[PDB]
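Pasted below: target_19.cif, mmCIF, C-alpha atoms and all ligand atoms.
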data_work
loop_
_atom_site.label_atom_id
_atom_site.label_comp_id
_atom_site.auth_asym_id
_atom_site.auth_seq_id
_atom_site.Cartn_x
_atom_site.Cartn_y
_atom_site.Cartn_z
CA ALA A 1 68.77 -2.58 20.12
CA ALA A 2 68.77 1.03 18.88
CA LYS A 3 66.73 2.97 16.31
CA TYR A 4 69.35 3.19 13.54
CA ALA A 5 72.28 1.05 12.44
CA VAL A 6 75.35 1.77 10.33
CA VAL A 7 77.54 -0.82 8.60
CA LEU A 8 80.96 0.54 7.65
CA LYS A 9 83.77 -1.11 5.73
CA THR A 10 86.23 -1.30 8.64
CA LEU A 11 86.56 0.18 12.12
CA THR A 12 90.37 0.14 12.29
CA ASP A 13 91.20 2.45 9.36
CA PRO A 14 91.28 6.22 9.97
CA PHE A 15 88.87 7.15 7.16
CA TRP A 16 86.18 4.89 8.61
CA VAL A 17 87.00 5.90 12.19
CA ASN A 18 86.27 9.53 11.27
CA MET A 19 82.99 8.55 9.61
CA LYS A 20 82.08 6.73 12.83
CA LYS A 21 82.76 9.90 14.82
CA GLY A 22 80.73 12.06 12.44
CA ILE A 23 77.80 9.67 12.83
CA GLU A 24 78.12 9.65 16.63
CA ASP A 25 78.31 13.45 16.80
CA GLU A 26 75.26 13.76 14.55
CA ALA A 27 73.50 11.21 16.76
CA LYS A 28 73.82 13.58 19.73
CA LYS A 29 72.68 16.62 17.74
CA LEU A 30 69.57 14.79 16.51
CA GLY A 31 69.08 12.90 19.78
CA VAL A 32 68.95 9.43 18.21
CA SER A 33 70.68 6.20 19.21
CA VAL A 34 72.87 4.69 16.47
CA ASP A 35 74.69 1.35 16.49
CA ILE A 36 77.77 1.32 14.25
CA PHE A 37 79.33 -1.92 13.00
CA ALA A 38 81.97 -3.04 10.53
CA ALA A 39 83.76 -6.12 9.29
CA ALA A 40 87.22 -6.93 10.64
CA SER A 41 89.17 -5.53 7.67
CA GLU A 42 89.12 -4.70 3.96
CA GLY A 43 88.87 -8.24 2.57
CA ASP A 44 85.98 -9.61 4.65
CA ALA A 45 83.16 -9.05 2.15
CA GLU A 46 81.48 -12.28 3.24
CA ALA A 47 81.73 -11.26 6.90
CA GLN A 48 80.17 -7.84 6.29
CA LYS A 49 77.31 -9.58 4.47
CA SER A 50 76.57 -11.89 7.40
CA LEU A 51 76.84 -8.88 9.72
CA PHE A 52 74.24 -6.99 7.68
CA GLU A 53 71.98 -10.05 7.52
CA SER A 54 72.08 -10.34 11.31
CA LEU A 55 71.01 -6.71 11.76
CA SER A 56 67.99 -6.93 9.44
CA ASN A 57 66.37 -9.16 12.08
CA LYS A 58 66.50 -6.70 14.99
CA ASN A 59 64.34 -3.55 15.11
CA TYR A 60 66.13 -0.76 13.22
CA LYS A 61 64.03 1.79 11.37
CA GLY A 62 66.96 2.68 9.10
CA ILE A 63 70.31 1.18 8.14
CA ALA A 64 73.08 3.17 6.49
CA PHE A 65 75.84 1.09 4.97
CA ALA A 66 79.11 1.31 3.06
CA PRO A 67 79.62 -2.01 1.25
CA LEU A 68 83.08 -3.52 0.93
CA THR A 69 82.27 -4.31 -2.72
CA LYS A 70 79.45 -3.27 -5.04
CA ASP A 71 78.12 -6.85 -4.77
CA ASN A 72 78.53 -8.31 -1.28
CA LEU A 73 75.57 -6.43 0.25
CA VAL A 74 73.12 -6.67 -2.67
CA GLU A 75 70.98 -9.49 -1.25
CA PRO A 76 70.73 -8.33 2.41
CA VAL A 77 69.95 -4.75 1.36
CA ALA A 78 67.21 -5.89 -1.03
CA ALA A 79 65.67 -8.02 1.73
CA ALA A 80 65.83 -5.05 4.11
CA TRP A 81 64.16 -2.78 1.55
CA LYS A 82 61.37 -5.34 1.02
CA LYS A 83 60.97 -5.32 4.82
CA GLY A 84 60.51 -1.54 4.74
CA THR A 85 63.90 -0.45 6.13
CA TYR A 86 65.01 3.08 5.30
CA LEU A 87 68.29 2.34 3.54
CA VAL A 88 71.07 4.82 2.81
CA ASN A 89 74.11 3.90 0.72
CA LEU A 90 77.30 5.50 2.08
CA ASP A 91 80.40 6.39 0.07
CA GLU A 92 80.75 3.11 -1.87
CA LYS A 93 78.05 2.69 -4.51
CA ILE A 94 76.16 -0.58 -4.26
CA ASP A 95 75.42 -2.17 -7.64
CA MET A 96 72.03 -0.56 -8.22
CA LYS A 97 71.25 -2.70 -11.27
CA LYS A 98 71.70 -5.93 -9.32
CA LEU A 99 69.95 -4.44 -6.27
CA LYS A 100 66.96 -3.64 -8.47
CA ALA A 101 67.20 -7.12 -10.00
CA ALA A 102 67.16 -8.49 -6.44
CA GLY A 103 64.02 -6.43 -5.79
CA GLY A 104 65.49 -3.69 -3.60
CA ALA A 105 66.45 -0.03 -3.55
CA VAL A 106 67.85 2.67 -1.26
CA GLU A 107 66.52 6.01 -0.09
CA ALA A 108 69.73 7.91 -0.81
CA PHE A 109 73.39 7.68 -1.78
CA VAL A 110 75.82 9.89 0.17
CA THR A 111 79.30 10.05 -1.33
CA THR A 112 82.00 12.28 -2.77
CA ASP A 113 82.23 13.29 -6.41
CA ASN A 114 84.95 10.69 -6.93
CA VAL A 115 85.38 11.58 -10.61
CA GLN A 116 86.35 15.06 -9.42
CA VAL A 117 88.54 13.49 -6.72
CA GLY A 118 90.62 11.74 -9.36
CA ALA A 119 90.52 14.76 -11.65
CA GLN A 120 91.80 16.97 -8.83
CA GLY A 121 94.56 14.53 -7.92
CA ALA A 122 95.63 14.23 -11.55
CA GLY A 123 95.17 17.94 -12.25
CA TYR A 124 97.53 18.81 -9.42
CA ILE A 125 99.97 16.29 -10.91
CA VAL A 126 99.75 17.76 -14.43
CA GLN A 127 100.34 21.30 -13.17
CA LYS A 128 103.37 20.33 -11.07
CA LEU A 129 104.98 18.45 -13.97
CA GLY A 130 104.76 21.50 -16.24
CA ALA A 131 105.17 21.54 -20.00
CA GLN A 132 107.58 18.58 -19.87
CA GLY A 133 104.86 16.26 -18.58
CA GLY A 134 106.36 12.81 -18.16
CA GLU A 135 105.26 9.34 -17.19
CA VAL A 136 102.46 8.96 -14.64
CA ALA A 137 100.69 6.02 -13.04
CA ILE A 138 97.45 5.32 -11.19
CA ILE A 139 97.31 3.01 -8.17
CA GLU A 140 93.74 1.73 -8.14
CA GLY A 141 91.50 0.60 -5.31
CA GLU A 142 89.84 -2.79 -5.19
CA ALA A 143 88.54 -3.91 -8.58
CA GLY A 144 84.87 -3.20 -9.23
CA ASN A 145 84.44 -0.59 -6.48
CA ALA A 146 82.73 2.46 -7.98
CA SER A 147 84.63 4.80 -5.63
CA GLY A 148 87.96 3.74 -7.11
CA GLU A 149 86.48 3.34 -10.60
CA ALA A 150 85.37 6.97 -10.56
CA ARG A 151 88.69 8.28 -9.24
CA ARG A 152 90.52 6.22 -11.87
CA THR A 153 88.30 7.66 -14.62
CA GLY A 154 88.67 11.23 -13.36
CA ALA A 155 92.44 10.90 -13.22
CA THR A 156 92.56 9.26 -16.66
CA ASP A 157 90.38 12.01 -18.18
CA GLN A 158 92.53 14.76 -16.67
CA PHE A 159 95.69 12.98 -17.85
CA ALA A 160 94.34 12.46 -21.38
CA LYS A 161 93.79 16.25 -21.45
CA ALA A 162 97.53 16.98 -21.44
CA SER A 163 99.39 15.64 -24.49
CA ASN A 164 102.80 15.49 -22.74
CA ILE A 165 101.43 13.13 -20.06
CA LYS A 166 101.82 9.38 -20.56
CA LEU A 167 99.73 6.83 -18.66
CA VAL A 168 102.21 3.97 -18.35
CA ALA A 169 100.43 1.97 -15.62
CA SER A 170 97.06 1.62 -13.89
CA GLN A 171 97.01 -1.32 -11.48
CA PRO A 172 94.93 -2.11 -8.38
CA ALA A 173 96.41 -2.32 -4.90
CA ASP A 174 93.14 -3.18 -3.13
CA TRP A 175 93.21 -0.30 -0.63
CA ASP A 176 96.14 -2.18 0.95
CA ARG A 177 99.29 -0.40 2.08
CA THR A 178 101.55 -3.44 1.68
CA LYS A 179 100.10 -4.30 -1.74
CA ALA A 180 100.62 -0.69 -2.85
CA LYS A 181 104.30 -0.71 -1.90
CA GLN A 182 104.63 -3.89 -3.95
CA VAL A 183 102.74 -2.53 -6.98
CA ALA A 184 104.56 0.82 -6.84
CA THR A 185 107.92 -0.96 -6.70
CA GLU A 186 106.96 -2.89 -9.84
CA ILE A 187 106.07 0.39 -11.55
CA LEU A 188 109.39 1.96 -10.54
CA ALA A 189 111.23 -1.08 -11.93
CA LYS A 190 109.26 -1.28 -15.19
CA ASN A 191 109.17 2.51 -15.73
CA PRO A 192 112.23 4.05 -14.07
CA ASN A 193 111.49 7.53 -15.47
CA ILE A 194 108.04 7.62 -13.85
CA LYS A 195 107.29 11.10 -12.53
CA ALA A 196 104.06 10.96 -10.52
CA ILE A 197 101.65 8.43 -9.05
CA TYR A 198 98.03 9.11 -8.15
CA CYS A 199 96.54 6.72 -5.59
CA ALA A 200 92.84 6.03 -5.06
CA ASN A 201 93.27 6.34 -1.27
CA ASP A 202 95.86 7.32 1.31
CA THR A 203 96.47 3.83 2.71
CA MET A 204 97.90 2.93 -0.69
CA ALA A 205 99.55 6.34 -1.15
CA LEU A 206 101.54 5.88 2.06
CA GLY A 207 102.65 2.44 0.88
CA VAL A 208 103.62 3.97 -2.46
CA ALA A 209 105.71 6.54 -0.58
CA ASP A 210 107.39 3.61 1.19
CA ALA A 211 108.34 2.09 -2.17
CA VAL A 212 109.53 5.46 -3.45
CA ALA A 213 111.68 5.84 -0.34
CA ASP A 214 113.19 2.36 -0.70
CA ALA A 215 114.22 3.30 -4.24
CA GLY A 216 115.65 6.58 -2.91
CA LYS A 217 113.38 8.71 -5.11
CA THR A 218 111.57 10.70 -2.40
CA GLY A 219 110.70 13.98 -4.09
CA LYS A 220 111.71 12.69 -7.52
CA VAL A 221 108.29 11.03 -7.90
CA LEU A 222 105.10 12.85 -6.99
CA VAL A 223 102.72 10.89 -4.75
CA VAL A 224 99.11 12.12 -4.54
CA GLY A 225 96.68 10.31 -2.28
CA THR A 226 92.99 10.51 -1.42
CA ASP A 227 91.03 10.75 1.89
CA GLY A 228 93.05 13.23 3.92
CA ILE A 229 93.79 10.84 6.80
CA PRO A 230 96.11 12.25 9.50
CA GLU A 231 99.15 10.15 8.55
CA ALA A 232 98.80 11.18 4.91
CA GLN A 233 98.55 14.89 5.73
CA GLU A 234 101.54 14.63 8.05
CA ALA A 235 103.28 12.90 5.14
CA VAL A 236 102.20 15.72 2.81
CA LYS A 237 103.47 18.29 5.32
CA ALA A 238 106.77 16.42 5.82
CA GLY A 239 107.45 15.90 2.11
CA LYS A 240 106.80 12.14 2.14
CA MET A 241 103.70 12.73 -0.02
CA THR A 242 103.08 15.53 -2.50
CA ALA A 243 99.36 16.02 -1.82
CA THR A 244 96.12 14.22 -1.04
CA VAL A 245 92.54 14.85 -2.16
CA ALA A 246 90.89 15.12 1.25
CA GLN A 247 87.40 13.71 1.67
CA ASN A 248 84.96 14.49 4.48
CA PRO A 249 83.96 11.07 5.88
CA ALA A 250 82.45 12.63 9.01
CA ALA A 251 80.02 14.65 6.87
CA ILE A 252 79.33 11.62 4.65
CA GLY A 253 78.38 9.63 7.73
CA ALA A 254 76.60 12.49 9.49
CA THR A 255 74.52 13.35 6.41
CA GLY A 256 73.62 9.69 5.87
CA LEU A 257 72.29 9.57 9.43
CA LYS A 258 70.22 12.75 9.09
CA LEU A 259 68.66 11.42 5.88
CA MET A 260 67.49 8.30 7.72
CA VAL A 261 66.07 10.40 10.57
CA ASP A 262 64.30 12.75 8.15
CA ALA A 263 63.02 10.13 5.70
CA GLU A 264 61.86 8.06 8.69
CA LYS A 265 58.94 10.49 9.02
CA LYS A 266 57.76 9.92 5.42
CA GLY A 267 56.19 6.61 6.51
CA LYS A 268 57.07 5.15 3.13
CA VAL A 269 60.24 3.66 1.68
CA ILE A 270 61.36 4.78 -1.78
CA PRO A 271 59.56 3.07 -4.69
CA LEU A 272 61.51 0.40 -6.54
CA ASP A 273 62.09 2.52 -9.66
CA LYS A 274 62.41 5.98 -8.08
CA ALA A 275 66.10 6.88 -8.25
CA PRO A 276 67.47 7.55 -4.75
CA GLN A 277 68.55 10.91 -3.42
CA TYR A 278 72.09 11.76 -4.51
CA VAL A 279 74.05 13.82 -1.97
CA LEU A 280 77.60 14.91 -2.82
CA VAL A 281 80.13 15.87 -0.14
CA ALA A 282 82.82 18.26 -1.34
CA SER A 283 86.52 17.39 -1.44
CA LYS A 284 89.50 19.71 -1.01
CA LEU A 285 93.07 19.31 -2.21
CA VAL A 286 95.55 19.24 0.69
CA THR A 287 99.15 20.24 -0.05
CA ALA A 288 101.98 21.50 2.15
CA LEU A 289 101.03 25.04 1.05
CA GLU A 290 97.80 26.81 1.97
CA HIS A 291 96.67 29.86 -0.01
CA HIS A 292 94.43 32.70 1.17
CA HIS A 293 93.42 36.12 -0.18
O1 LIG A 301 87.96 1.81 2.46
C1 LIG A 301 88.64 2.03 1.25
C2 LIG A 301 88.25 3.38 0.69
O2 LIG A 301 86.91 3.29 0.22
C3 LIG A 301 86.46 4.43 -0.48
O3 LIG A 301 85.17 4.18 -0.90
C4 LIG A 301 86.47 5.63 0.47
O4 LIG A 301 86.03 6.76 -0.22
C5 LIG A 301 87.86 5.83 1.07
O5 LIG A 301 88.73 6.26 0.04
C6 LIG A 301 88.34 4.53 1.71
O6 LIG A 301 89.66 4.75 2.14
#

Give the structure from the file, written as structure tokens.
Amino acid sequence: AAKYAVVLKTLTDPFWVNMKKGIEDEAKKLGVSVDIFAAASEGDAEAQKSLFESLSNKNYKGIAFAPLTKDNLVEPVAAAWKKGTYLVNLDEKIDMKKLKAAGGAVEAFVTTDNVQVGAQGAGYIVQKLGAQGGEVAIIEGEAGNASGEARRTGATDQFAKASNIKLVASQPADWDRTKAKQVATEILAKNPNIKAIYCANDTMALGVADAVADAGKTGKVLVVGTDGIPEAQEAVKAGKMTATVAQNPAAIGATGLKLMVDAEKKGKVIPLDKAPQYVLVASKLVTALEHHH
């Protein structure tokens, strides 16, 4: 066994591969040994829970984790906190009310300001549409996930700001590229004059671009993603996507590791009612243009 463990959502998706690299790089800078694990894919909430439960019985001083849902990791995290494990919530906010109800807490929460993520994606949409506005839609992440909830809210708030913008659809596609092409096709059929789609992550955004291409509307419909994964940025630079709100998963993972290494010295876990540290990693809007001076 090692000193620290990390439980990510997946290990096959680019966003979570980059977070794994950020953690590994930070492990060399700090000189600590980190074991990184993940479920098979995006739907295996029960498998990630059993994976976390199996780790809490080794000898890790701290465990950072990004839960697949706000609920699947509530019990194993609470049991790890009661055991004295230094816990750090990564990216996806665990249900803190239920975690407290289960008798647990976390040292810190390292994430992106996802309300600003959605606001930036929608704000870039509102500017590009101009005074005409038009119909817009929001492709949501998995239901109940605070990351997607916050991006949805931020996009809705920025859209409600402009009076010529119409929110005709807001449906989940479960971070799934195939599901997003299906949902986006439905939106194109039910709202043929739709002008722009914001997507809670790039996996879905690329699938939306597939649906837009099938309908022959590439460029007629704006497609803004989130994460800044390589395929999405190459799509943004090739015109297949309009933009993407890039996150910094490497820094999210690297910071989460350093917090466990630092707080490991404190000799004490966080009290049950002390609100955890709240670290925000900035996000930048990636378009095919890049402005300087
Ligand atoms: O794994 C699905 C998605 O989860 C969110 O919490 C992350 O911020 C990324 O957008 C990721 O792509």

Within 10 Å of ligand LIG 301 (chain A) (all atoms listed in the file), residues as a PyMOL selection string:
chain A and resi 8-11+13-16+41-42+66-69+90-93+111-114+117+141-142+145-149+151+174-176+199-204+225-229+245-249+252

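The smallest atom-to-atom distance between residue A:88 and any of A:5, A:102, A:17, A:205, using all atoms listed in the file, is found for A:5.
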
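A search radius of 9 Å centred on (107.1, 10.0, -1.5), applied to only C-alpha atoms, returns the residues residues 205, 206, 208, 209, 210, 211, 212, 213, 217, 218, 219, 220, 221, 222, 223, 224, 235, 236, 239, 240, 241 and 242 of chain A.
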
Which residue is closest to residue A:257? Choose from A:157, A:107, A:273, A:46 and count only C-alpha atoms.
A:107

Where's the centre, and what are the edge lengths in Å to one decimal, of a box along x, y and z enclosing all listed atoms of stretch 113-120 of chain A padded 6 Å per side, as JSON?
{"center_x": 87.0, "center_y": 13.8, "center_z": -9.0, "size_x": 21.6, "size_y": 18.3, "size_z": 17.2}

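Minimum atom-to-atom distances from A:259, A:7, A:160, A:215 to residue A:192 were compared using only C-alpha atoms, and the lowest value belongs to A:215.
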
Work out how far apart atom CA of residue A:18 and atom CA of residue A:250 are and give it in Å to one decimal.
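Straight-line distance from atom CA of residue A:18 to atom CA of residue A:250 works out to 5.4 Å.
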
All residues 9 Å or closer to stretch 51-58 of chain A, all atoms listed in the file, same chain fewer than 3 positions away omitted, as a PyMOL selection string
chain A and resi 1-2+5+7+37-39+46-48+63+65+73+75-77+79-80+83+85

Pick out the closest residue to residue A:87 from this set: A:256, A:267, A:144, A:31. Count all atoms listed in the file.
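Among A:256, A:267, A:144, A:31, it is A:256 that comes nearest to residue A:87.
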
For residue A:23: contacts at 8 Å, only C-alpha atoms, fewer than 4 positions along chain excluded, given as a list in words:
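Near neighbours after the sequence-gap exclusion: residues 19, 27, 34, 250, 253, 254 and 257 of chain A.
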
Kindly indicate which residue among A:45, A:131, A:150, A:243 lies nearest to residue A:288, using all atoms listed in the file for the distances.
A:243

Find the residues around residue A:138 up to 9 Å (all atoms listed in the file counted), leave out those fewer than 4 positions away in its own chain, and share them as a PyMOL selection string.
chain A and resi 152+155-156+167-172+196-200

In Å and to one decimal, atom CA of residue A:135 is distant from atom CA of residue A:230 by 28.4 Å

Given the choices A:86, A:278, A:81, A:159, which gets closest to residue A:60 if the distance is worked out from only C-alpha atoms?
A:86

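The gap separating atom CA of residue A:94 from atom CA of residue A:143 is 13.5 Å, in Å to one decimal.
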
Please provide the set of residues having any atom within 12 Å of residue A:290, restricted to all atoms listed in the file, with same-chain residues fewer than 3 positions apart removed, written as a compact mmCIF listing (two decimals) with C-alpha atoms, keeping the file's coordinate frame.
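Output saved as part_15.txt:
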# COMPACT_ATOMS: atom_id res chain seq x y z
CA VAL A 236 102.20 15.72 2.81
CA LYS A 237 103.47 18.29 5.32
CA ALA A 243 99.36 16.02 -1.82
CA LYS A 284 89.50 19.71 -1.01
CA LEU A 285 93.07 19.31 -2.21
CA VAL A 286 95.55 19.24 0.69
CA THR A 287 99.15 20.24 -0.05
CA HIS A 293 93.42 36.12 -0.18

For a quick check of your reading of the model, name the residues lying within 7 Å of the coordinate (108.4, 7.9, -17.0), counting all atoms listed in the file, and write them as a ChimeraX atom specification.
/A:134-136,191-195
